[PDB]
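Okay, so we've got the same protein chain twice, two forms, each given alone as C-alpha cells, structure 1 and structure 2.
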Structure 1
C-alpha cells in the first residue's frame, strides 16, 4: 500500500474541473478497505476523543466539497477530524470521497476519525447510488469489500466526556454507554433497535418524548429527551448529522443539540450551506460554513 501515492493522486484533482474522476486501481481501493477495517476494529466502537477537533456531517460523495472543507478547516494532520458518516450515495464521486477518508484514517489513525452513517449500509447504498457507482467504475465484488469495511466502522464518539456524537440520534433503548460498547463488529445495521436508532433517529420539536419517524424506521425525540439524556450522562451537547439544514448547522433544544450537514446544495427544495463545527481545547465551539457564492 503506497499511501502517499494514493493520497497524491486523490488530491491532484484539487483545482481542476469539478467532477473529474480519480481512477485508482482495484487493488489500491481494496487495500484501503482492508487496512482501514483493521484500524477500525483496533479502536473502540464508542470513541473517546479529545479536543481540539473539527466535526463534519453528511458528505454524500460531493468530493470537491470535501476538498473545500479540508482547505478551509486545514488538511490532516494540521487539524484533527471527526466525521459523522454518510460518505457515499447521492453524489457523483462517492469512491473518491470514501477513498480519501479511508486513506487519511490509515495515515493519521489517532488524529482522524470516521463514524458510521445510515448510508454505510448495503441495504441503503444499493439503492442510493454507491452500488451503481461501484458497478460502473469497478465491479460488484469491490462494493462488497466496502460493505465489509463499513460493517466495522465505530458508531459514536464522546469528546472530552462532554459532547456525544453520532450520525442519527438518541434511542429509547439507550440507558448506558455500555450498551453501545457491547455491540460487536462486523455488524449490519438492523431495521429496529439501538444501532438502528443511533444511525437513523431525528429530533422533532413537535414531539413530547419519543414519537414515530416519518422515514418509516426508528423514532423522533423531543427536547425533554435531550435534556434528560445530557443530565443522566453528565454531558453538555449532542452533535449529530443526518438532516439537511439550510445553514449547514442548526441548534435544537436550547443549544443542547446541534445538527451538522456538510454537503452544500444537496437538495432541490432549498439552497443549503455545508458546515463543520470547530471545538477548541477549552470546548468553545464555533462553525465554519461553506456557502455557494450564489
Structure 2
C-alpha cells in the first residue's frame, strides 16, 4: 500500500469513526469517488486472494450485520478495533435502514488497510440484483445514484464464498450443499459471478439447518434447501473437520448450536428489524483452536 493510499484511507476511517458514541442517526457523507474507490480497491484485493480462504487463528468470527452501523461499532469495541484483533465476517452487511453505506465502507476500508488480518465472506444480501433485496439499492440511489449500486455489485461479485480456519472450521453464510462433494468445487467457482438461484454457490449462501429434516428438505424461503443433523455429521467426517460455523438466521442469544454442537449459527445484529429481541454474538478462536463466545446486547 502507498502512503498516499494510507492518507486517504485514514481520512475515511476517521470520518466514519467520528460519529461513534453519537445519538444514532448520524450518517457521515463521504464523496462519491471515496465510496467508489473503496469498491474498486477492495475488489482488486478480493480477486488476489482465493475464493476459499484458508485462515489461521487467532481471529474473531461474526454473523450478519444488516446495515446496523452502530451495532457494528459496538462489535469492534468488544472485540477490539483492527488491527488489535483479526476478523472474519460471514456476510449480509447491507440491508434496510439508511446506514448500510457506512457499514460497508468501514468494512471495505479495514479490508484494504489490513488485507491479511481482515476478511469478509459473501452473504446472500451481497447479490447483484434486486430480485429479493431492495434496501441497499434504495439507499444508494437516495444518497447518490444507481451507478453507485452497480459499482457495489461489481465488488460484491468478487467476495469470497467460504473459509476454513486451521483445517478444522468450515465457514460460510448459508450452509451446506447437496452438490458439495469436495473443497475443490468451491475453488472452481469463478469470479466475478452473481448468486444463482440454484446450485453450489446458491446453497452456500442460502441453505439452513432443520431439526425435523433427516437428510435434505425444502426451504420455506423459496430457495435452496434445508439439511439435518446427519448431513452435518457425514460432512465433518468426510473432510476431517470439527465444526461448521455459519450465519444467515436470527437466533435468540446471537449464537445457537445444532447437531450436538457440530454446527453453530452466529448472528451479530442485536434486535434485528425490531419485532425480535435478540442479542448479537461473536465467536473468538485462539492459537490453540479453542472457541469462546462473546455476546452483545441492545
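Positions refer to the first chain, counted from 1. Superpose the two forms; the largest set of C-alphas matching within 1.5 Å is the rigid core. Only residues modelled in both forms are compared.
Enquirer: Scan 124, 82, 149, 106 for the one whose CA shifts by 2 Å or more between structures 1 and 2 after superposing the rigid core, and name it.
Expert: C-alpha shift of at least 2 Å: 124.
Enquirer: Superposed on the rigid core, does the Cα of residue 203 end up 2 angstroms or more away between structures 1 and 2?
Expert: No, the C-alpha moves less than 2 Å.
Enquirer: Core-aligned, does residue 234 move its Cα 2 Å or more between structures 1 and 2?
Expert: The answer is no; the displacement is under 2 Å.
Enquirer: Residue 39: CA shift of at least 2 Å between structures 1 and 2 after core fit?
Expert: No.
Enquirer: Mind pulling the C-alpha shift for residue 267 between structures 1 and 2, with the rigid core superposed, in Å?
Expert: Its C-alpha shift, to one decimal, is 4.1 Å.
Enquirer: Rigid core superposed: how many angstrom does the CA of residue 16 shift between structures 1 and 2?
Expert: With the cores aligned, its C-alpha sits 0.8 Å away.
Enquirer: By how many angstrom is the Cα of residue 92 displaced between structures 1 and 2 when the rigid core is overlaid?
Expert: That residue's C-alpha sits 2.9 Å away in the other form.
Enquirer: Where exactly does the backbone move between structures 1 and 2? Looking for runs of 3+ consecutive residues, each with a CA shift of 2 angstroms or more after core alignment.
Expert: Runs with every C-alpha shifted by at least 2 Å: 90-92, 122-128, 267-270.
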